[PDB]
Number of protein chains: 2
Amino acid sequence: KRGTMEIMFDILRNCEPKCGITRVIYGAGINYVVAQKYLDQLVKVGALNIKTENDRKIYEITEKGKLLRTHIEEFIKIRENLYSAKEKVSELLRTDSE
Amino acid sequence: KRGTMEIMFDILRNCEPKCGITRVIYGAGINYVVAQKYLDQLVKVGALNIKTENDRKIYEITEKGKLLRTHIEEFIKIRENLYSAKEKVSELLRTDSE
């Protein structure tokens with residue numbers, strides 16, 4: 001179960017330099033309805049530019065989009081480290097005396 | 001607003017080598033009712049030993065307790081890094097075009 005940040009990451013990392021909807025749906029593992037919503041959001045915040053070529057929508061990652069991809073990646077990796085650190089605390093919160 | 005892990009950290013870092021209730025209440029910034037609950041938990045999971053000396057309860061951090069303190073500290077620090085990383089993503093999710 002992915003949140004918004006992570007879906008965006010999964011889109012963006014499949015849109016370098018360009019992506020159509022096939023690449024987005026299959027690369028990010030999201031359906032057409034979800035893809036449409038997020039793509040539109042990413043165009044709005046300037047992470048992707050949109051073109052039509054051969055009657056197909058083509059998205060291109062922007063410099064700002066590359067930075068967004070990098071920052072989400074960094075968030076995800078730290079979040080993983082946080083889960084591990086929490087598990088290490090939890091291991092110490094057991095007892096067999098009681 | 002602190003969760004359980006963090007309160008425990010705030011107790012433990014004030015119980016080296018020993019702490020009475022004054023040191024726990026004032027050092028961890030928690031009331032007597034909260035302190036009683038957490039102290040009891042920390043004794044149960046083997047992070048503190050409890051003695052009575054001069055009719056006062058004295059708690060001593062154990063080797064396991066020192067490790068618990070260290071691991072919570074590490075959790076807290078990573079959690080802070082996660083907040084910052086999230087803020088950096090958020091900064092990129094704005095637009096003034098719409």
# chains A, B, ... in the order shown; residues from 1 in each chain; ligands from 1
$ residues_around --residues "residue 22 of chain A" --least-positions-apart "2" --cutoff "12 Å" --atoms "only C-alpha atoms" --output "VMD selection string"
chain A and resid 11 14 to 15 18 to 20 24 to 32 35 to 36 56 to 59
$ interface_residues --of "chain A" --to "chain B" --cutoff "10 Å" --atoms "only C-alpha atoms" --output "PyMOL selection string"
chain A and resi 5+41-47+64-65+67-98
$ write_last_selection --atoms "N, CA and C atoms" --output "CSV table (one decimal), in the first residue's frame"
chain,number,residue,atom,x,y,z
A,5,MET,N,3.4,10.0,-2.4
A,5,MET,CA,4.8,10.3,-2.6
A,5,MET,C,5.4,9.2,-3.4
A,41,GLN,N,-1.5,16.0,-11.6
A,41,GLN,CA,-0.8,16.6,-10.5
A,41,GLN,C,0.7,16.9,-10.8
A,42,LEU,N,1.4,15.9,-11.4
A,42,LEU,CA,2.8,16.1,-11.7
A,42,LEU,C,3.0,17.2,-12.8
A,43,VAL,N,2.1,17.3,-13.7
A,43,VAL,CA,2.2,18.4,-14.7
A,43,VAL,C,1.9,19.7,-14.0
A,44,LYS,N,0.9,19.7,-13.1
A,44,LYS,CA,0.6,20.9,-12.4
A,44,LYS,C,1.7,21.4,-11.5
A,45,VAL,N,2.4,20.6,-10.8
A,45,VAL,CA,3.5,21.1,-10.0
A,45,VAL,C,4.8,21.2,-10.8
A,46,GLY,N,4.8,21.0,-12.1
A,46,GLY,CA,6.0,21.3,-12.9
A,46,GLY,C,7.0,20.2,-12.9
A,47,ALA,N,6.6,19.0,-12.6
A,47,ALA,CA,7.6,17.8,-12.6
A,47,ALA,C,7.6,17.1,-13.9
A,64,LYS,N,12.9,20.1,-12.5
A,64,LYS,CA,12.3,20.1,-11.2
A,64,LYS,C,11.8,18.7,-10.8
A,65,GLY,N,11.3,18.0,-11.8
A,65,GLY,CA,10.8,16.6,-11.7
A,65,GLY,C,11.9,15.6,-11.3
A,67,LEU,N,14.5,16.4,-9.5
A,67,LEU,CA,14.8,16.8,-8.2
A,67,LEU,C,13.7,16.2,-7.3
A,68,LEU,N,12.5,16.2,-7.7
A,68,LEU,CA,11.4,15.6,-7.0
A,68,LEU,C,11.6,14.1,-6.8
A,69,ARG,N,12.0,13.5,-7.9
A,69,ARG,CA,12.3,12.0,-7.9
A,69,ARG,C,13.4,11.7,-6.9
A,70,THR,N,14.5,12.4,-6.9
A,70,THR,CA,15.6,12.2,-6.0
A,70,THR,C,15.2,12.4,-4.6
A,71,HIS,N,14.4,13.5,-4.3
A,71,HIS,CA,14.0,13.7,-2.9
A,71,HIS,C,13.0,12.7,-2.4
A,72,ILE,N,12.1,12.2,-3.2
A,72,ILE,CA,11.2,11.1,-2.8
A,72,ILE,C,12.0,9.9,-2.5
A,73,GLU,N,13.0,9.6,-3.4
A,73,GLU,CA,13.8,8.4,-3.2
A,73,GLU,C,14.5,8.5,-1.8
A,74,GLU,N,15.1,9.7,-1.5
A,74,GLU,CA,15.7,9.9,-0.2
A,74,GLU,C,14.8,9.7,0.9
A,75,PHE,N,13.5,10.2,0.8
A,75,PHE,CA,12.5,10.0,1.8
A,75,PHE,C,12.2,8.5,2.1
A,76,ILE,N,12.1,7.8,1.0
A,76,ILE,CA,11.8,6.4,1.1
A,76,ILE,C,12.8,5.5,1.8
A,77,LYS,N,14.1,5.8,1.4
A,77,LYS,CA,15.2,5.2,2.0
A,77,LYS,C,15.3,5.5,3.5
A,78,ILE,N,15.1,6.7,3.9
A,78,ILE,CA,15.2,7.1,5.3
A,78,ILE,C,14.0,6.4,6.1
A,79,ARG,N,12.8,6.3,5.4
A,79,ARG,CA,11.7,5.7,6.1
A,79,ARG,C,11.9,4.2,6.3
A,80,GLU,N,12.6,3.6,5.4
A,80,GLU,CA,13.0,2.2,5.6
A,80,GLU,C,13.9,2.1,6.8
A,81,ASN,N,14.9,3.0,6.9
A,81,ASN,CA,15.8,3.0,8.1
A,81,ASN,C,15.1,3.2,9.4
A,82,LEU,N,14.1,4.1,9.4
A,82,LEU,CA,13.2,4.3,10.6
A,82,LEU,C,12.5,3.0,11.0
A,83,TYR,N,11.9,2.3,10.0
A,83,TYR,CA,11.3,1.0,10.4
A,83,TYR,C,12.2,0.1,11.0
A,84,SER,N,13.4,-0.1,10.5
A,84,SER,CA,14.4,-1.0,11.1
A,84,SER,C,14.8,-0.5,12.5
A,85,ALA,N,15.0,0.8,12.7
A,85,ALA,CA,15.4,1.3,14.0
A,85,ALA,C,14.3,1.1,15.0
A,86,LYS,N,13.0,1.2,14.6
A,86,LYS,CA,11.9,0.9,15.4
A,86,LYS,C,11.9,-0.6,15.9
A,87,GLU,N,12.1,-1.4,14.9
A,87,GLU,CA,12.2,-2.9,15.2
A,87,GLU,C,13.3,-3.2,16.2
A,88,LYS,N,14.4,-2.5,16.1
A,88,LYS,CA,15.5,-2.7,17.0
A,88,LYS,C,15.1,-2.3,18.5
A,89,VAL,N,14.4,-1.2,18.6
A,89,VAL,CA,13.9,-0.9,19.9
A,89,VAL,C,12.9,-1.9,20.4
A,90,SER,N,12.0,-2.3,19.5
A,90,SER,CA,11.0,-3.3,19.9
A,90,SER,C,11.6,-4.6,20.5
A,91,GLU,N,12.6,-5.1,19.8
A,91,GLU,CA,13.3,-6.3,20.3
A,91,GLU,C,13.8,-6.2,21.7
A,92,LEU,N,14.1,-5.0,22.2
A,92,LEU,CA,14.5,-4.8,23.6
A,92,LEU,C,13.3,-4.7,24.5
A,93,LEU,N,12.1,-4.6,24.0
A,93,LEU,CA,10.9,-4.4,24.9
A,93,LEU,C,10.1,-5.7,25.1
A,94,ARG,N,10.9,-6.8,25.4
A,94,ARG,CA,10.3,-8.1,25.7
A,94,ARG,C,10.8,-8.5,26.9
A,95,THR,N,10.1,-9.5,27.5
A,95,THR,CA,10.5,-10.1,28.7
A,95,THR,C,9.8,-11.5,28.8
A,96,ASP,N,10.5,-12.5,29.3
A,96,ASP,CA,10.0,-13.9,29.7
A,96,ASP,C,9.9,-14.1,31.2
A,97,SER,N,10.1,-13.1,32.1
A,97,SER,CA,9.9,-13.2,33.5
A,97,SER,C,8.5,-13.2,34.1
A,98,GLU,N,7.5,-12.6,33.4
A,98,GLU,CA,6.2,-12.1,34.0
A,98,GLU,C,5.1,-13.2,34.0
$ atom_distance --atom1 "atom CA of residue 63 of chain A" --atom2 "atom CA of residue 2 of chain A"
24.4 Å
$ select_by_dssp --residues "chain B" --states "helix (DSSP H, G or I)" --output "compact mmCIF listing (two decimals) with N, CA and C atoms, in the first residue's frame"
# COMPACT_ATOMS: atom_id res chain seq x y z
N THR B 4 5.59 6.75 23.56
CA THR B 4 6.12 5.90 24.56
C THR B 4 7.63 5.75 24.47
N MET B 5 8.16 5.63 23.24
CA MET B 5 9.57 5.34 23.02
C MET B 5 10.34 6.54 23.54
N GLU B 6 9.90 7.69 23.16
CA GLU B 6 10.56 8.88 23.56
C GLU B 6 10.51 9.19 25.05
N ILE B 7 9.40 8.89 25.70
CA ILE B 7 9.37 9.07 27.14
C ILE B 7 10.39 8.16 27.77
N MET B 8 10.41 6.90 27.31
CA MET B 8 11.38 5.97 27.85
C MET B 8 12.79 6.46 27.70
N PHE B 9 13.11 7.02 26.55
CA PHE B 9 14.42 7.60 26.32
C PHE B 9 14.70 8.69 27.32
N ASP B 10 13.71 9.56 27.51
CA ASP B 10 13.88 10.67 28.47
C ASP B 10 14.05 10.22 29.91
N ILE B 11 13.41 9.11 30.28
CA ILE B 11 13.74 8.49 31.56
C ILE B 11 15.16 7.92 31.62
N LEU B 12 15.46 7.05 30.68
CA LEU B 12 16.70 6.35 30.69
C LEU B 12 17.93 7.24 30.69
N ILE B 21 12.95 9.02 41.95
CA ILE B 21 11.75 9.52 41.31
C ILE B 21 11.84 11.01 40.98
N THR B 22 12.53 11.78 41.81
CA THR B 22 12.73 13.18 41.55
C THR B 22 13.47 13.38 40.24
N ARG B 23 14.55 12.64 40.08
CA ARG B 23 15.34 12.73 38.89
C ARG B 23 14.53 12.29 37.69
N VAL B 24 13.69 11.24 37.86
CA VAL B 24 12.87 10.80 36.79
C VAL B 24 11.78 11.81 36.42
N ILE B 25 11.03 12.32 37.38
CA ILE B 25 9.94 13.27 37.11
C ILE B 25 10.48 14.55 36.44
N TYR B 26 11.52 15.13 37.04
CA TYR B 26 12.00 16.38 36.59
C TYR B 26 12.88 16.20 35.38
N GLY B 27 13.69 15.13 35.35
CA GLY B 27 14.54 14.93 34.20
C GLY B 27 13.79 14.56 32.93
N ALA B 28 12.79 13.71 33.08
CA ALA B 28 12.01 13.38 31.93
C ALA B 28 10.81 14.26 31.67
N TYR B 32 4.05 12.15 38.22
CA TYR B 32 4.27 10.97 39.04
C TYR B 32 3.51 9.73 38.53
N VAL B 33 2.29 9.95 38.03
CA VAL B 33 1.44 8.88 37.52
C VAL B 33 2.05 8.29 36.27
N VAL B 34 2.46 9.14 35.34
CA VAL B 34 3.16 8.66 34.13
C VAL B 34 4.47 8.00 34.49
N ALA B 35 5.24 8.61 35.41
CA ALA B 35 6.53 8.06 35.78
C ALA B 35 6.36 6.66 36.35
N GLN B 36 5.37 6.48 37.23
CA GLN B 36 5.15 5.16 37.86
C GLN B 36 4.87 4.08 36.79
N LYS B 37 4.02 4.43 35.84
CA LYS B 37 3.71 3.46 34.78
C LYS B 37 4.96 3.04 33.95
N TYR B 38 5.67 4.04 33.44
CA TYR B 38 6.86 3.77 32.64
C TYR B 38 7.99 3.14 33.37
N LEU B 39 8.25 3.57 34.60
CA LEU B 39 9.28 2.92 35.39
C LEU B 39 8.98 1.44 35.52
N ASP B 40 7.73 1.12 35.80
CA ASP B 40 7.37 -0.27 35.98
C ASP B 40 7.57 -1.11 34.71
N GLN B 41 7.20 -0.55 33.58
CA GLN B 41 7.48 -1.11 32.29
C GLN B 41 8.97 -1.35 32.02
N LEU B 42 9.79 -0.37 32.34
CA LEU B 42 11.25 -0.47 32.14
C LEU B 42 11.87 -1.51 33.04
N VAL B 43 11.38 -1.63 34.27
CA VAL B 43 11.83 -2.77 35.15
C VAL B 43 11.40 -4.08 34.56
N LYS B 44 10.17 -4.14 34.07
CA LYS B 44 9.66 -5.39 33.49
C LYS B 44 10.44 -5.84 32.30
N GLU B 63 22.70 -2.99 31.49
CA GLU B 63 23.33 -3.05 30.19
C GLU B 63 22.28 -3.06 29.09
N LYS B 64 21.22 -3.84 29.29
CA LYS B 64 20.13 -3.89 28.29
C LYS B 64 19.45 -2.52 28.13
N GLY B 65 19.29 -1.86 29.25
CA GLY B 65 18.74 -0.46 29.31
C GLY B 65 19.58 0.56 28.59
N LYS B 66 20.90 0.43 28.67
CA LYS B 66 21.79 1.32 27.95
C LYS B 66 21.60 1.14 26.45
N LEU B 67 21.45 -0.10 26.02
CA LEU B 67 21.22 -0.42 24.63
C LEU B 67 19.88 0.07 24.17
N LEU B 68 18.88 -0.05 25.02
CA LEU B 68 17.57 0.51 24.70
C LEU B 68 17.64 2.02 24.51
N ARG B 69 18.30 2.70 25.43
CA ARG B 69 18.51 4.18 25.33
C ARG B 69 19.17 4.57 24.00
N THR B 70 20.25 3.88 23.64
CA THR B 70 20.98 4.11 22.40
C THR B 70 20.08 3.88 21.19
N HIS B 71 19.33 2.78 21.18
CA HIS B 71 18.45 2.51 20.04
C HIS B 71 17.31 3.48 19.89
N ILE B 72 16.73 3.90 21.00
CA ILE B 72 15.69 4.92 20.91
C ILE B 72 16.29 6.20 20.38
N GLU B 73 17.47 6.54 20.86
CA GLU B 73 18.13 7.78 20.40
C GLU B 73 18.27 7.76 18.88
N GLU B 74 18.73 6.61 18.37
CA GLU B 74 18.95 6.41 16.94
C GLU B 74 17.62 6.54 16.18
N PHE B 75 16.53 5.96 16.73
CA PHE B 75 15.18 6.09 16.15
C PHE B 75 14.75 7.56 16.03
N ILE B 76 14.98 8.29 17.10
CA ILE B 76 14.56 9.69 17.14
C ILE B 76 15.28 10.55 16.12
N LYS B 77 16.57 10.34 16.02
CA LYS B 77 17.38 11.06 15.09
C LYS B 77 16.97 10.73 13.63
N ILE B 78 16.76 9.47 13.30
CA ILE B 78 16.28 9.14 11.95
C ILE B 78 14.89 9.73 11.67
N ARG B 79 14.03 9.72 12.68
CA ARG B 79 12.70 10.26 12.51
C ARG B 79 12.77 11.74 12.16
N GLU B 80 13.69 12.45 12.79
CA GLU B 80 13.89 13.85 12.48
C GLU B 80 14.31 14.01 11.03
N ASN B 81 15.24 13.19 10.58
CA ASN B 81 15.70 13.23 9.19
C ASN B 81 14.56 12.95 8.21
N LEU B 82 13.68 12.03 8.56
CA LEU B 82 12.48 11.76 7.78
C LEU B 82 11.55 12.97 7.65
N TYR B 83 11.31 13.67 8.75
CA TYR B 83 10.52 14.92 8.65
C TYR B 83 11.14 15.90 7.70
N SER B 84 12.44 16.12 7.82
CA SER B 84 13.12 17.04 6.91
C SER B 84 13.02 16.61 5.48
N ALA B 85 13.24 15.31 5.21
CA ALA B 85 13.16 14.77 3.85
C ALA B 85 11.75 14.94 3.27
N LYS B 86 10.74 14.74 4.10
CA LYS B 86 9.35 14.98 3.68
C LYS B 86 9.09 16.43 3.33
N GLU B 87 9.62 17.34 4.15
CA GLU B 87 9.49 18.78 3.87
C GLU B 87 10.14 19.13 2.55
N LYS B 88 11.27 18.51 2.25
CA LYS B 88 11.94 18.81 0.98
C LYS B 88 11.13 18.37 -0.23
N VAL B 89 10.45 17.24 -0.11
CA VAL B 89 9.52 16.82 -1.16
C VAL B 89 8.37 17.81 -1.28
N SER B 90 7.80 18.16 -0.15
CA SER B 90 6.66 19.06 -0.14
C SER B 90 6.97 20.41 -0.84
N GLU B 91 8.16 20.96 -0.59
CA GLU B 91 8.59 22.18 -1.25
C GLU B 91 8.48 22.12 -2.74
$ select_by_dssp --residues "chain B" --states "strand (DSSP E or B)" --output "list in words"
residues 18, 19, 48, 49, 50, 51, 52, 53, 56, 57, 58, 59, 60 and 61 of chain B
$ write_last_selection --atoms "N, CA and C atoms" --output "PDB file, in the first residue's frame"
ATOM      1  N   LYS B  18      22.169   5.736  38.170  1.00  0.00           N
ATOM      2  CA  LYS B  18      21.007   5.582  39.029  1.00  0.00           C
ATOM      3  C   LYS B  18      20.077   6.798  38.913  1.00  0.00           C
ATOM      4  N   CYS B  19      18.842   6.623  39.363  1.00  0.00           N
ATOM      5  CA  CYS B  19      17.858   7.720  39.416  1.00  0.00           C
ATOM      6  C   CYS B  19      16.833   7.348  40.475  1.00  0.00           C
ATOM      7  N   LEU B  48      15.794  -1.330  33.601  1.00  0.00           N
ATOM      8  CA  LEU B  48      16.134  -0.814  34.926  1.00  0.00           C
ATOM      9  C   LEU B  48      16.003  -1.934  35.982  1.00  0.00           C
ATOM     10  N   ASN B  49      16.894  -1.932  36.962  1.00  0.00           N
ATOM     11  CA  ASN B  49      16.720  -2.648  38.233  1.00  0.00           C
ATOM     12  C   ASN B  49      16.198  -1.693  39.308  1.00  0.00           C
ATOM     13  N   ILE B  50      15.397  -2.212  40.224  1.00  0.00           N
ATOM     14  CA  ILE B  50      14.827  -1.393  41.265  1.00  0.00           C
ATOM     15  C   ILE B  50      15.316  -1.881  42.629  1.00  0.00           C
ATOM     16  N   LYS B  51      15.647  -0.930  43.470  1.00  0.00           N
ATOM     17  CA  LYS B  51      16.063  -1.157  44.852  1.00  0.00           C
ATOM     18  C   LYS B  51      15.290  -0.174  45.715  1.00  0.00           C
ATOM     19  N   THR B  52      15.182  -0.466  47.006  1.00  0.00           N
ATOM     20  CA  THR B  52      14.787   0.548  47.986  1.00  0.00           C
ATOM     21  C   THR B  52      15.953   0.770  48.903  1.00  0.00           C
ATOM     22  N   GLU B  53      16.316   2.035  49.090  1.00  0.00           N
ATOM     23  CA  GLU B  53      17.408   2.457  49.968  1.00  0.00           C
ATOM     24  C   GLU B  53      16.909   3.706  50.670  1.00  0.00           C
ATOM     25  N   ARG B  56      13.497   4.952  49.928  1.00  0.00           N
ATOM     26  CA  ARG B  56      13.189   5.566  48.597  1.00  0.00           C
ATOM     27  C   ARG B  56      13.506   4.563  47.499  1.00  0.00           C
ATOM     28  N   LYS B  57      12.680   4.520  46.471  1.00  0.00           N
ATOM     29  CA  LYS B  57      12.953   3.688  45.304  1.00  0.00           C
ATOM     30  C   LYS B  57      14.102   4.264  44.480  1.00  0.00           C
ATOM     31  N   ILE B  58      15.064   3.412  44.140  1.00  0.00           N
ATOM     32  CA  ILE B  58      16.206   3.809  43.334  1.00  0.00           C
ATOM     33  C   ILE B  58      16.262   2.872  42.168  1.00  0.00           C
ATOM     34  N   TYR B  59      16.369   3.432  40.973  1.00  0.00           N
ATOM     35  CA  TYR B  59      16.433   2.635  39.759  1.00  0.00           C
ATOM     36  C   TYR B  59      17.821   2.718  39.155  1.00  0.00           C
ATOM     37  N   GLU B  60      18.281   1.612  38.632  1.00  0.00           N
ATOM     38  CA  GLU B  60      19.600   1.585  38.028  1.00  0.00           C
ATOM     39  C   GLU B  60      19.516   1.061  36.654  1.00  0.00           C
ATOM     40  N   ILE B  61      20.160   1.722  35.718  1.00  0.00           N
ATOM     41  CA  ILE B  61      20.077   1.291  34.331  1.00  0.00           C
ATOM     42  C   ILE B  61      20.935   0.061  34.203  1.00  0.00           C
TER      43      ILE B  61
END
